[PDB]
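K.L.:
Quick one: this structure, given as structure tokens, is what I'll be asking you about.
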Amino acid sequence: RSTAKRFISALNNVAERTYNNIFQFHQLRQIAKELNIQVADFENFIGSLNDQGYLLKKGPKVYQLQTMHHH
């Protein structure tokens, strides 16, 4: 769960700093690579985060992060 938490923390910070909660699938993958997250199946790792509520699909390739922000 530490890995998923670290990944969500990264998305939360990107969204806060950029005033933008939209991420394409491959952009999520690039962030995961930068954090050295290695999972068996990235698609269903993302799918699990969708199931948990962190990401909502906006079409099959794009996601909206569900987060509080400060700005």
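How things are named: the first chain in the structure tokens is A, the next is B, and so on; residues count from 1 in each chain; ligands count from 1 in the order shown.
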If we count only C-alpha atoms and set the cut-off at 12 Å, which residues sit around residue 35 of chain A, ignoring sequence neighbours fewer than 4 positions away in its own chain? Please answer as a VMD selection string.

P.N.:
chain A and resid 2 to 11 28 to 31 39

K.L.:
Please return as an MDAnalysis selection string: the residues of chain A that backbone DSSP assigns to strand (DSSP E).

P.N.:
chainID A and resid 22:24 55:57 62:65

K.L.:
Residues as selected, N, CA and C atoms, written as a PDB file, in the first residue's frame, can you do that?

P.N.:
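Written out: result28.pdb:
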ATOM      1  N   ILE A  22      -6.241  16.127 -14.751  1.00  0.00           N
ATOM      2  CA  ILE A  22      -6.375  15.190 -15.861  1.00  0.00           C
ATOM      3  C   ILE A  22      -5.036  14.540 -16.174  1.00  0.00           C
ATOM      4  N   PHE A  23      -5.055  13.222 -16.392  1.00  0.00           N
ATOM      5  CA  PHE A  23      -3.864  12.461 -16.747  1.00  0.00           C
ATOM      6  C   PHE A  23      -4.216  11.432 -17.814  1.00  0.00           C
ATOM      7  N   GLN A  24      -3.435  11.383 -18.890  1.00  0.00           N
ATOM      8  CA  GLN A  24      -3.561  10.276 -19.828  1.00  0.00           C
ATOM      9  C   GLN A  24      -2.931   9.022 -19.227  1.00  0.00           C
ATOM     10  N   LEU A  55      -9.261   7.669  -9.116  1.00  0.00           N
ATOM     11  CA  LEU A  55      -9.267   8.038 -10.518  1.00  0.00           C
ATOM     12  C   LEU A  55     -10.639   7.719 -11.089  1.00  0.00           C
ATOM     13  N   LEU A  56     -11.156   8.622 -11.900  1.00  0.00           N
ATOM     14  CA  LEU A  56     -12.366   8.360 -12.660  1.00  0.00           C
ATOM     15  C   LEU A  56     -12.036   8.405 -14.141  1.00  0.00           C
ATOM     16  N   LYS A  57     -12.570   7.470 -14.914  1.00  0.00           N
ATOM     17  CA  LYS A  57     -12.313   7.453 -16.346  1.00  0.00           C
ATOM     18  C   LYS A  57     -13.077   8.564 -17.044  1.00  0.00           C
ATOM     19  N   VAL A  62      -8.042   8.246 -20.542  1.00  0.00           N
ATOM     20  CA  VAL A  62      -7.799   9.461 -19.781  1.00  0.00           C
ATOM     21  C   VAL A  62      -8.538   9.360 -18.466  1.00  0.00           C
ATOM     22  N   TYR A  63      -7.915   9.880 -17.418  1.00  0.00           N
ATOM     23  CA  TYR A  63      -8.426   9.795 -16.068  1.00  0.00           C
ATOM     24  C   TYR A  63      -8.437  11.164 -15.416  1.00  0.00           C
ATOM     25  N   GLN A  64      -9.400  11.340 -14.508  1.00  0.00           N
ATOM     26  CA  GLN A  64      -9.479  12.519 -13.659  1.00  0.00           C
ATOM     27  C   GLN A  64      -9.201  12.101 -12.226  1.00  0.00           C
ATOM     28  N   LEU A  65      -8.182  12.704 -11.631  1.00  0.00           N
ATOM     29  CA  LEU A  65      -7.862  12.476 -10.236  1.00  0.00           C
ATOM     30  C   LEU A  65      -8.915  13.118  -9.348  1.00  0.00           C
TER      31      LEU A  65
END

K.L.:
From a DSSP calculation on the backbone, collect every residue of chain A in helix (DSSP H, G or I) and output the set as number ranges by chain.

P.N.:
A: 2-18, 25-34, 42-52

K.L.:
Just C-alpha atoms for this one: save the residues we selected as a PDB file, in the first residue's frame.

P.N.:
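That gives us result00.pdb:
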ATOM      1  CA  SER A   2       3.019   2.264   0.474  1.00  0.00           C
ATOM      2  CA  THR A   3       3.655   2.076  -3.283  1.00  0.00           C
ATOM      3  CA  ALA A   4       0.104   3.017  -4.231  1.00  0.00           C
ATOM      4  CA  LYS A   5       0.167   5.768  -1.607  1.00  0.00           C
ATOM      5  CA  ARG A   6       3.389   7.181  -3.011  1.00  0.00           C
ATOM      6  CA  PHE A   7       1.904   7.158  -6.517  1.00  0.00           C
ATOM      7  CA  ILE A   8      -1.298   8.927  -5.449  1.00  0.00           C
ATOM      8  CA  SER A   9       0.787  11.460  -3.492  1.00  0.00           C
ATOM      9  CA  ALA A  10       2.680  12.244  -6.699  1.00  0.00           C
ATOM     10  CA  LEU A  11      -0.538  12.697  -8.680  1.00  0.00           C
ATOM     11  CA  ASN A  12      -1.993  14.900  -5.940  1.00  0.00           C
ATOM     12  CA  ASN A  13       1.080  17.140  -6.020  1.00  0.00           C
ATOM     13  CA  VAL A  14       1.134  17.404  -9.815  1.00  0.00           C
ATOM     14  CA  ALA A  15      -2.535  18.350  -9.820  1.00  0.00           C
ATOM     15  CA  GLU A  16      -2.032  20.938  -7.066  1.00  0.00           C
ATOM     16  CA  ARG A  17       0.996  22.549  -8.680  1.00  0.00           C
ATOM     17  CA  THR A  18      -0.520  22.632 -12.178  1.00  0.00           C
ATOM     18  CA  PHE A  25      -2.847   6.589 -19.197  1.00  0.00           C
ATOM     19  CA  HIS A  26       0.687   6.808 -20.579  1.00  0.00           C
ATOM     20  CA  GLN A  27       1.364   9.876 -18.426  1.00  0.00           C
ATOM     21  CA  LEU A  28       0.374   7.860 -15.368  1.00  0.00           C
ATOM     22  CA  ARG A  29       2.781   5.170 -16.556  1.00  0.00           C
ATOM     23  CA  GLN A  30       5.624   7.660 -16.930  1.00  0.00           C
ATOM     24  CA  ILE A  31       5.072   8.947 -13.390  1.00  0.00           C
ATOM     25  CA  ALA A  32       5.110   5.386 -12.079  1.00  0.00           C
ATOM     26  CA  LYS A  33       8.395   4.739 -13.899  1.00  0.00           C
ATOM     27  CA  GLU A  34       9.961   7.865 -12.376  1.00  0.00           C
ATOM     28  CA  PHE A  42       0.027  -1.490 -14.836  1.00  0.00           C
ATOM     29  CA  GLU A  43      -3.415  -1.329 -16.464  1.00  0.00           C
ATOM     30  CA  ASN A  44      -5.071  -3.132 -13.559  1.00  0.00           C
ATOM     31  CA  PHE A  45      -2.952  -1.306 -10.984  1.00  0.00           C
ATOM     32  CA  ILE A  46      -4.580   1.833 -12.377  1.00  0.00           C
ATOM     33  CA  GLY A  47      -7.896  -0.013 -12.477  1.00  0.00           C
ATOM     34  CA  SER A  48      -7.604  -0.774  -8.755  1.00  0.00           C
ATOM     35  CA  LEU A  49      -7.077   2.927  -8.066  1.00  0.00           C
ATOM     36  CA  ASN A  50     -10.211   3.612 -10.121  1.00  0.00           C
ATOM     37  CA  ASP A  51     -12.096   1.034  -8.043  1.00  0.00           C
ATOM     38  CA  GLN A  52     -10.875   2.720  -4.848  1.00  0.00           C
TER      39      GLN A  52
END

K.L.:
Please report the interatomic distance between atom CA of residue 53 of chain A and atom CA of residue 69 of chain A in Å with one decimal.

P.N.:
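Atom CA of residue 69 of chain A lies 16.0 Å from atom CA of residue 53 of chain A.
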